[PDB]
Amino acid sequence: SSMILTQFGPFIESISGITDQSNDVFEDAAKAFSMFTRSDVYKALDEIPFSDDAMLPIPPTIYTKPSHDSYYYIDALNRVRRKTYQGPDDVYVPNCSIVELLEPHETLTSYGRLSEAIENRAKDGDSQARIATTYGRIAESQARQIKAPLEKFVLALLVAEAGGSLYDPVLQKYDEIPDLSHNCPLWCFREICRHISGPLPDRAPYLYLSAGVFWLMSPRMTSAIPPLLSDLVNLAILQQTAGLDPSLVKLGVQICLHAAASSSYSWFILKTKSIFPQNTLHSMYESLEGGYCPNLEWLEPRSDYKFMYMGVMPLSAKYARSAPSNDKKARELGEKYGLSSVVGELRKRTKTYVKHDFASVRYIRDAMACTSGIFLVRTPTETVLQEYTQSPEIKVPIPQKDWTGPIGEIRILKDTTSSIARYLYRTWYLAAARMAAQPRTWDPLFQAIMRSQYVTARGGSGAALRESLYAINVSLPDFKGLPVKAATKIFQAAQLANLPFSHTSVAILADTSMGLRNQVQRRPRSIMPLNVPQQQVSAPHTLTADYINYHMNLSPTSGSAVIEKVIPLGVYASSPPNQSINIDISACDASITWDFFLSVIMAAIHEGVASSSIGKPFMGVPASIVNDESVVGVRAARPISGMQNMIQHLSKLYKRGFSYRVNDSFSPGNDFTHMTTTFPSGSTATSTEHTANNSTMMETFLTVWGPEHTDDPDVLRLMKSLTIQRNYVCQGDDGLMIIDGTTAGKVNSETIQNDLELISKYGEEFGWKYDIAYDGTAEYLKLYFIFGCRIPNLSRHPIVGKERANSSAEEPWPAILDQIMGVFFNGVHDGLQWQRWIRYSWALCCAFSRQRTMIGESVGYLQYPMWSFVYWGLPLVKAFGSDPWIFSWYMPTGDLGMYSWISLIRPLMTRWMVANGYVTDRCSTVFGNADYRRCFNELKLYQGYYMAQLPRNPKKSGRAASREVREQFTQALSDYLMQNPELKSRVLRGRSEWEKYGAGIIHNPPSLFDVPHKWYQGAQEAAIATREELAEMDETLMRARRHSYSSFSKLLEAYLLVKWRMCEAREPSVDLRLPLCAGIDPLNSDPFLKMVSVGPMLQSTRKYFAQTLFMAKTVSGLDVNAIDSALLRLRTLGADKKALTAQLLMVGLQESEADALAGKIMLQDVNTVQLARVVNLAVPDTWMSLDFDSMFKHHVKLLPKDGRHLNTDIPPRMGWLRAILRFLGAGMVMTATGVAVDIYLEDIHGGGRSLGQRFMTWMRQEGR
RNA sequence: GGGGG
RNA sequence: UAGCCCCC
Ligand SMILES: Nc1ccn([C@@H]2O[C@H](COP(=O)(O)OP(=O)(O)OP(=O)(O)O)C[C@H]2O)c(=O)n1
Ligand SMILES: Nc1ccn([C@@H]2O[C@H](COP(=O)(O)OP(=O)(O)OP(=O)(O)O)C[C@H]2O)c(=O)n1
Ligand SMILES: Nc1ccn([C@@H]2O[C@H](COP(=O)(O)OP(=O)(O)OP(=O)(O)O)C[C@H]2O)c(=O)n1
Ligand SMILES: [Mn+2]
Ligand SMILES: [Mn+2]
């Protein structure tokens, strides 16, 4: 460690709280990181005096592996395939030798790539050559699922840990996290690699590059080493930063060693991934003596997902695990995969926890951080053949006799059907009618928003559409000469803009291109990039599904994103007396087929939508005639609406199936079109659709089936007390059945077990295999809960991991920084040990802050000052002679955050600056007599500040665009959007109205007329950048670094005029013995103190924020937050109502709605959060898990502590100031380490009035 | 672009 | 060729 100490000495102390941070040391540390050679990191690793406890037997078979050749074969269709041995799952990358297939690299003679000879033979068509190429390309792919070379993360860890234990400012003692000599993962990493390199001078087992992966030419290297090493590094970092129990961590290493010792690392990982969760989380408290859990009340209406904390629920034996024991299956699993030693140890330790508390949840969390974090990989061919093959077993089909004769592509489900489909059909029919009945549905704007949803910069099987169209002699415009990417639905929209639906209808049946996605702890999933006409025609399906979800059930719309996964719901559901069943449906997409679901859904919508859609087109789709054969004998023609025409065309596609075009670039010669009946993922209907069926069937079970299939009084009573509107929350195929508890305790476990078994049997009737789980735990949207405590899963957030489905190279340098910041933010949300995590993050950041640049022998270097990271959100450890660790990771981002940390030490800074020569006679309002301008330019604080705000990726705008084709394109886009003259007429009105009442007040008027331009830009910025555009990006960053400044942004200079007084610590908002988030306990002072004093966010963040906008949606391309900001700004700038009415007309509203919302906005008392947007202030993401609403309202006093001040008084017409002022106070409170404190407005330099004018100038100048 | 179903 | 839905 002397090697590390010498090279990063001063920097190490700067990030350990011992010495101040300085850009000079930081940049040198950066240069040192870049000058360190890979092999040096290993040499550094050798310098570590590892303890015996950090060692464990390493399997010799991890090095000696068979040839890959017996693991593959050519199938009947000539595709290269993986040959199974351990089951139908054994389709991943096998653990084999690989050096025999490599050619030494010219220069790195010890490293090699796949023999060019072998690929050439493979390309010629040689079976053996193809097999070898496939293996080589997929093994390479497996090794690319990381963000950057492992050595960088390791070096970072060495540098960070060289600082020793950290002194907690709050607890006033050093932490007791074992040093690296006790880190088993690192030891293994060094040994495994050393053993591989053997006598070779090169210590790296492989090199992650841009030109591709290269393997160390050693007979001991295996295709399984990259994944193994990647798991070890994560575990190594986590043991030091999450303060994980070392003994547990070793268990995680053993599993990984076993995975590398097996015949397939990924496969083995997939089969054993439940070990830690099953033997801890799902086995906790078989016995229970005490502890406390939350006591929440679910407010009304439950749909708001709003809860209120009511105290603590004392625990006792009464609440011990009552759910069935998983011991047997868990042990069988361990025995089957050679891990019974691990399962047994976990089972034993889990039993020792008889109290539910911080210690016990941290144990679970720790255990669950040890699961491999690799993104499983297998060839595309394998994913497609495993996911689009299995078909649902409909044990009780809809009788053929129950369908009427056809009505085009659909058949009505006779109302005399005794089938359970009866209910599924009624729900979709009902919702279809109500949806189509809504007036908004027939508003040109609404239909523009819908037509604009799928017009995006992402793909849409562009090539297949062009050819399915060529098949009927219809050639689309090619716009020869435009600098935009052609494979975008945006390009598609422009091509189709001026063609009647009848000419593009065939495209609805065009093939579907391949799209893949790798996941952690899961298998790769195939994706279907539907084309514009396919997405268009899917509208009715999507809208009806949305209507069901908004009006008929209890569901959360989104994908996930911590807190957006409604944390509050899990706390409630998992807290005794309450209990929850974690319902999930396997093979969801493959279970939604025409045989039972789609034929019924298509029918119900087609019919229920009839009367209100009659005699009318929809979203560009015309009405038409179709053959009618409903009645027997009677055969006529039937007029249907455009909406019905859509269902008509969509039904034709759902019936036939999807032609998936598979071009497997990892498997030479594996080109085939696979037909499948599995439901599309890339469809706008997918998510909402599955959510709707989920609740609909659960409703039918609880209302009909269940009751009719049992006479058991308790079960009948239990089911009767459950409602899909009050007790069942779902999204897609995930479900959470919440059984509220009584004073008599919780509902009988045996009665619950009966209900579940019936649900299970119930789904077999229509092809659904319910994955039900009753284990005393709550699991929803990959969020884990036990006894009201959230258990972050560190396993799913691989520090070094990064999904990479395609072969394309990683984005140019700059890009990596956003990823590193994301790694930091995940740690904040996962609750790692704040100091250890912050210090490590500074090391990591420093190690990626420098890049070598080229301009033609013009070898320079791009360096980001430490200050850029602060701007991005990374808190300072110690600066300007301040105490160490005074800054919390809840410090805001950007200007708000800069304001916060600077205000907390304004005086320290001023004093430091003067005592170091930065003095002047001019007395600064913020920094007194400190020559701040000279200081900030020299320290690179201004530089870093501005560099952080520059594009971290090449720009394509400015590419020579031949004006004529450029106008044709944007015209096509315009016609697509402005199809309906009514809409256009609306915007033109807003326009001339704007010139009279709004023009001049603000300069950011959002307008539908901009969309075509924003769409063009999007298609542009989607294309591959050139090396020139790259240089241009660097030059920009480098010019900002050279330039010298005299101030911060106009908004930051304005906030700095405001001063506060931090006062009394707040009282606890929740009980301090209450486990809310594992890892967030008295051992993690700042996070814990913030959680306790500020309080947890007990409402859904989606619901909360939906109340901070006047309009929820708008045409894709415009920014809802932008529209909201313009309206409020106009109001704040004294604009007349007619001006807001004009703004609203320009974004598509009818004059009546426009005038109404405008008049409504004028007289409204706007909330802190919504109002703060007038100046671009947003609630920080890191704050989302806390009760920031309460902080703004009751703990940021705008009235000075000692009464009113002339400067602090808020002018009559400037009440909007209070919202901005609330954010600034909150900033300082949240940025200060420790307990949330009450803060009092102390001063505003030039007074409130002048402050307001200052903000009003910023407002009216945006976009000039 | 980032983090997540 | 590389989809859809969400927090900044
Ligand atoms: N990028 C993504 C990720 C997920 N999904 C959707 O999420 C839904 C279900 O999620 P999973 O549980 O992850 O998919 P399953 O096929 O059901 O996996 P298996 O039963 O193992 O869980 C269906 C799928 O289309 C999606 O459209 N796009
Ligand atoms: N002032 C410097 C010089 C080099 N590098 C880093 O070095 C790496 C590759 O170049 P080297 O071959 O390692 O640089 P050398 O200067 O030739 O090595 P040193 O003096 O020991 O010889 C990439 C580049 O960013 C750097 O960050 N800053
Ligand atoms: N913004 C960037 C990114 C990369 N390059 C050029 O790309 C070439 C090699 O790519 P890298 O592998 O990304 O650069 P290295 O210095 O070899 O190391 P890495 O980015 O970790 O620093 C050399 C470098 O000048 C550049 O000029 N400007
Ligand atoms: Mn599922
Ligand atoms: Mn699921």
# chains A, B, ... in the order shown; residues from 1 in each chain; ligands from 1
call {"tool": "select_by_dssp", "arguments": {"residues": "segment 1059-1212 of chain A", "states": "alpha helix (DSSP H)", "output": "JSON, numbers by chain"}}
result
{"A": [1085, 1086, 1087, 1088, 1089, 1090, 1091, 1092, 1093, 1094, 1101, 1102, 1103, 1104, 1105, 1106, 1120, 1121, 1122, 1123, 1124, 1125, 1126, 1127, 1128, 1129, 1130, 1131, 1132, 1137, 1138, 1139, 1140, 1141, 1142, 1143, 1144, 1145, 1146, 1151, 1152, 1153, 1154, 1155, 1156, 1157, 1158, 1159, 1160, 1161, 1162, 1163, 1168, 1169, 1170, 1171, 1188, 1189, 1190, 1191, 1192, 1193, 1194]}
call {"tool": "residues_near_ligand", "arguments": {"ligand": "ligand 5", "cutoff": "10 Å", "atoms": "only C-alpha atoms (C1' of nucleotides) and all ligand atoms", "output": "list in words"}}
result
residues 583, 584, 585, 586, 587, 588, 730, 731, 732, 733, 734, 735, 771, 780, 781 and 782 of chain A; 5 of chain B
call {"tool": "closest_atom_pairs", "arguments": {"of": "chain C", "to": "ligand 1", "cutoff": "8 Å", "atoms": "only C-alpha atoms (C1' of nucleotides) and all ligand atoms", "output": "Markdown table"}}
result
| residue | atom | partner | partner_atom_place_in_ligand_line | distance |
| --- | --- | --- | --- | --- |
| C:3 | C1' | ligand 1 | 28 (N) | 7.8 |
| C:4 | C1' | ligand 1 | 27 (O) | 5.8 |
| C:5 | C1' | ligand 1 | 27 (O) | 7.8 |
call {"tool": "write_last_selection", "arguments": {"atoms": "N, CA and C atoms (P, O5', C5', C4', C3', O3' and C1' of nucleotides)", "output": "PDB file, in the first residue's frame"}}
result
ATOM      1  P     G C   3     -34.881   0.872 -29.466  1.00  0.00           P
ATOM      2  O5'   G C   3     -36.464   0.959 -29.318  1.00  0.00           O
ATOM      3  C5'   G C   3     -37.307   0.799 -30.454  1.00  0.00           C
ATOM      4  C4'   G C   3     -38.669   0.296 -30.037  1.00  0.00           C
ATOM      5  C3'   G C   3     -39.293   1.037 -28.871  1.00  0.00           C
ATOM      6  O3'   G C   3     -39.969   2.197 -29.311  1.00  0.00           O
ATOM      7  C1'   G C   3     -39.360  -1.257 -28.420  1.00  0.00           C
ATOM      8  P     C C   4     -40.228   3.387 -28.279  1.00  0.00           P
ATOM      9  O5'   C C   4     -41.273   2.761 -27.257  1.00  0.00           O
ATOM     10  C5'   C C   4     -42.623   2.527 -27.640  1.00  0.00           C
ATOM     11  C4'   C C   4     -43.430   2.058 -26.451  1.00  0.00           C
ATOM     12  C3'   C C   4     -43.376   2.938 -25.214  1.00  0.00           C
ATOM     13  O3'   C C   4     -44.295   4.016 -25.303  1.00  0.00           O
ATOM     14  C1'   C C   4     -43.026   0.704 -24.573  1.00  0.00           C
ATOM     15  P     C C   5     -44.146   5.272 -24.310  1.00  0.00           P
ATOM     16  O5'   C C   5     -44.332   4.647 -22.857  1.00  0.00           O
ATOM     17  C5'   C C   5     -45.626   4.332 -22.346  1.00  0.00           C
ATOM     18  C4'   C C   5     -45.539   4.064 -20.863  1.00  0.00           C
ATOM     19  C3'   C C   5     -44.877   5.167 -20.054  1.00  0.00           C
ATOM     20  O3'   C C   5     -45.811   6.191 -19.722  1.00  0.00           O
ATOM     21  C1'   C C   5     -43.883   3.107 -19.491  1.00  0.00           C
TER      22        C C   5
END
call {"tool": "interface_residues", "arguments": {"of": "chain A", "to": "chain C", "cutoff": "7 Å", "atoms": "only C-alpha atoms (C1' of nucleotides)", "output": "list in words"}}
result
residues 459, 513, 514, 515, 527, 528, 529, 530, 558, 559, 560, 561, 564, 681, 682, 683, 684, 806 and 1181 of chain A
call {"tool": "write_last_selection", "arguments": {"atoms": "N, CA, C and O atoms", "output": "mmCIF file, in the first residue's frame"}}
result
data_model
loop_
_atom_site.group_PDB
_atom_site.id
_atom_site.type_symbol
_atom_site.label_atom_id
_atom_site.label_comp_id
_atom_site.auth_asym_id
_atom_site.auth_seq_id
_atom_site.Cartn_x
_atom_site.Cartn_y
_atom_site.Cartn_z
ATOM 1 N N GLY A 459 -36.366 3.060 -32.469
ATOM 2 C CA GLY A 459 -36.695 2.272 -33.651
ATOM 3 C C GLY A 459 -38.112 1.733 -33.767
ATOM 4 O O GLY A 459 -38.848 1.632 -32.786
ATOM 5 N N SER A 513 -38.672 -6.441 -36.170
ATOM 6 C CA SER A 513 -37.236 -6.642 -36.008
ATOM 7 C C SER A 513 -36.866 -7.078 -34.600
ATOM 8 O O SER A 513 -37.673 -6.994 -33.684
ATOM 9 N N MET A 514 -35.642 -7.553 -34.427
ATOM 10 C CA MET A 514 -35.219 -7.999 -33.109
ATOM 11 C C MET A 514 -34.661 -6.887 -32.235
ATOM 12 O O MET A 514 -34.005 -5.967 -32.718
ATOM 13 N N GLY A 515 -34.941 -6.993 -30.940
ATOM 14 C CA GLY A 515 -34.478 -6.029 -29.960
ATOM 15 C C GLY A 515 -34.321 -6.811 -28.675
ATOM 16 O O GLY A 515 -35.258 -7.479 -28.238
ATOM 17 N N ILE A 527 -37.576 -8.165 -27.391
ATOM 18 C CA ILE A 527 -38.419 -6.990 -27.469
ATOM 19 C C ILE A 527 -38.946 -6.811 -28.887
ATOM 20 O O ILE A 527 -38.252 -7.123 -29.849
ATOM 21 N N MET A 528 -40.176 -6.327 -29.021
ATOM 22 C CA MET A 528 -40.756 -6.115 -30.346
ATOM 23 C C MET A 528 -40.971 -4.635 -30.667
ATOM 24 O O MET A 528 -41.891 -4.002 -30.159
ATOM 25 N N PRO A 529 -40.119 -4.069 -31.528
ATOM 26 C CA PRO A 529 -40.226 -2.656 -31.910
ATOM 27 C C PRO A 529 -41.298 -2.477 -32.976
ATOM 28 O O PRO A 529 -40.999 -2.481 -34.165
ATOM 29 N N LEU A 530 -42.547 -2.344 -32.549
ATOM 30 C CA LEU A 530 -43.656 -2.174 -33.477
ATOM 31 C C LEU A 530 -43.503 -0.907 -34.325
ATOM 32 O O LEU A 530 -42.870 0.071 -33.890
ATOM 33 N N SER A 558 -46.283 3.311 -14.182
ATOM 34 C CA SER A 558 -44.865 3.651 -14.241
ATOM 35 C C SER A 558 -44.098 2.426 -14.702
ATOM 36 O O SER A 558 -44.630 1.565 -15.404
ATOM 37 N N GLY A 559 -42.836 2.370 -14.302
ATOM 38 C CA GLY A 559 -41.993 1.243 -14.624
ATOM 39 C C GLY A 559 -41.456 0.805 -13.279
ATOM 40 O O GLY A 559 -41.584 -0.355 -12.880
ATOM 41 N N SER A 560 -40.881 1.775 -12.573
ATOM 42 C CA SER A 560 -40.307 1.565 -11.250
ATOM 43 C C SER A 560 -39.657 2.850 -10.724
ATOM 44 O O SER A 560 -40.352 3.838 -10.490
ATOM 45 N N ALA A 561 -38.335 2.837 -10.550
ATOM 46 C CA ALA A 561 -37.590 3.992 -10.030
ATOM 47 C C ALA A 561 -37.898 4.179 -8.542
ATOM 48 O O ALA A 561 -38.972 4.666 -8.194
ATOM 49 N N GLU A 564 -40.841 5.776 -6.674
ATOM 50 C CA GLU A 564 -41.872 5.817 -7.697
ATOM 51 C C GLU A 564 -42.493 4.433 -7.666
ATOM 52 O O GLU A 564 -43.497 4.164 -8.321
ATOM 53 N N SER A 681 -43.929 -6.705 -26.563
ATOM 54 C CA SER A 681 -43.533 -5.895 -25.421
ATOM 55 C C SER A 681 -43.425 -4.424 -25.830
ATOM 56 O O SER A 681 -43.884 -3.524 -25.117
ATOM 57 N N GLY A 682 -42.832 -4.175 -26.986
ATOM 58 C CA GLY A 682 -42.697 -2.805 -27.439
ATOM 59 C C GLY A 682 -43.985 -2.080 -27.790
ATOM 60 O O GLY A 682 -43.935 -0.939 -28.240
ATOM 61 N N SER A 683 -45.134 -2.719 -27.597
ATOM 62 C CA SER A 683 -46.426 -2.092 -27.908
ATOM 63 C C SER A 683 -46.874 -1.072 -26.855
ATOM 64 O O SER A 683 -46.633 -1.259 -25.665
ATOM 65 N N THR A 684 -47.521 0.008 -27.277
ATOM 66 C CA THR A 684 -47.990 0.988 -26.293
ATOM 67 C C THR A 684 -49.073 0.368 -25.414
ATOM 68 O O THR A 684 -49.414 0.909 -24.368
ATOM 69 N N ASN A 806 -26.363 -5.177 -27.720
ATOM 70 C CA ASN A 806 -25.713 -5.068 -29.023
ATOM 71 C C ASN A 806 -24.190 -5.189 -28.987
ATOM 72 O O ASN A 806 -23.579 -5.325 -27.927
ATOM 73 N N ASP A 1181 -33.858 14.399 -6.444
ATOM 74 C CA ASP A 1181 -34.199 12.983 -6.464
ATOM 75 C C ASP A 1181 -33.834 12.317 -5.157
ATOM 76 O O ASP A 1181 -34.578 11.488 -4.651
#
call {"tool": "residues_near_ligand", "arguments": {"ligand": "ligand 2", "cutoff": "7 Å", "atoms": "only C-alpha atoms (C1' of nucleotides) and all ligand atoms", "output": "number ranges by chain"}}
result
A: 31, 34-35, 37, 850-852, 861
call {"tool": "write_last_selection", "arguments": {"atoms": "N, CA, C and O atoms", "output": "compact mmCIF listing (two decimals), in the first residue's frame"}}
result
# COMPACT_ATOMS: atom_id res chain seq x y z
N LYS A 31 -4.46 12.60 -12.76
CA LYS A 31 -3.35 12.29 -13.63
C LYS A 31 -2.67 11.00 -13.16
O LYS A 31 -2.28 10.16 -13.97
N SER A 34 -4.65 7.96 -14.26
CA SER A 34 -4.49 7.66 -15.67
C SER A 34 -3.11 7.16 -16.05
O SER A 34 -2.94 6.53 -17.09
N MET A 35 -2.12 7.43 -15.21
CA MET A 35 -0.77 6.98 -15.50
C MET A 35 -0.46 5.63 -14.89
O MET A 35 0.58 5.03 -15.16
N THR A 37 -0.69 1.80 -14.64
CA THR A 37 -0.93 0.75 -15.63
C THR A 37 -1.70 -0.37 -14.95
O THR A 37 -1.55 -0.59 -13.75
N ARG A 850 -10.43 12.43 -16.08
CA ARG A 850 -9.42 12.86 -17.03
C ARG A 850 -9.40 11.99 -18.28
O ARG A 850 -9.47 10.77 -18.18
N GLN A 851 -9.29 12.62 -19.44
CA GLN A 851 -9.24 11.89 -20.70
C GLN A 851 -8.23 12.46 -21.67
O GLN A 851 -8.09 13.68 -21.79
N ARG A 852 -7.53 11.58 -22.37
CA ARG A 852 -6.54 11.99 -23.36
C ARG A 852 -7.26 12.42 -24.63
O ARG A 852 -8.09 11.68 -25.15
N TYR A 861 -5.08 17.18 -22.79
CA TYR A 861 -5.83 16.41 -21.81
C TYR A 861 -7.05 17.15 -21.30
O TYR A 861 -6.99 18.34 -21.00
call {"tool": "select_by_dssp", "arguments": {"residues": "segment 298-480 of chain A", "states": "strand (DSSP E or B)", "output": "list in words"}}
result
residues 298, 306, 307, 308, 309, 310, 311, 312, 313, 314, 355, 356, 375, 403, 404, 405, 406, 407, 410, 411, 412 and 413 of chain A
call {"tool": "residues_around", "arguments": {"residues": "residue 508 of chain A", "least_positions_apart": "2", "cutoff": "6 Å", "atoms": "only C-alpha atoms (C1' of nucleotides)", "output": "list in words"}}
result
residues 505, 506, 510, 533 and 534 of chain A
call {"tool": "interface_residues", "arguments": {"of": "chain A", "to": "chain B", "cutoff": "12 Å", "atoms": "only C-alpha atoms (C1' of nucleotides)", "output": "PyMOL selection string"}}
result
chain A and resi 519+556-565+687+730-734+780-783+796-798+802+811+814-830+872+951-954+1021-1022+1181-1182
call {"tool": "residues_near_ligand", "arguments": {"ligand": "ligand 3", "cutoff": "8 Å", "atoms": "only C-alpha atoms (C1' of nucleotides) and all ligand atoms", "output": "list in words"}}
result
residues 34, 148, 209, 210, 812, 813, 814, 848, 850, 851, 852, 853, 854, 855, 859, 862, 1030, 1031, 1033 and 1034 of chain A
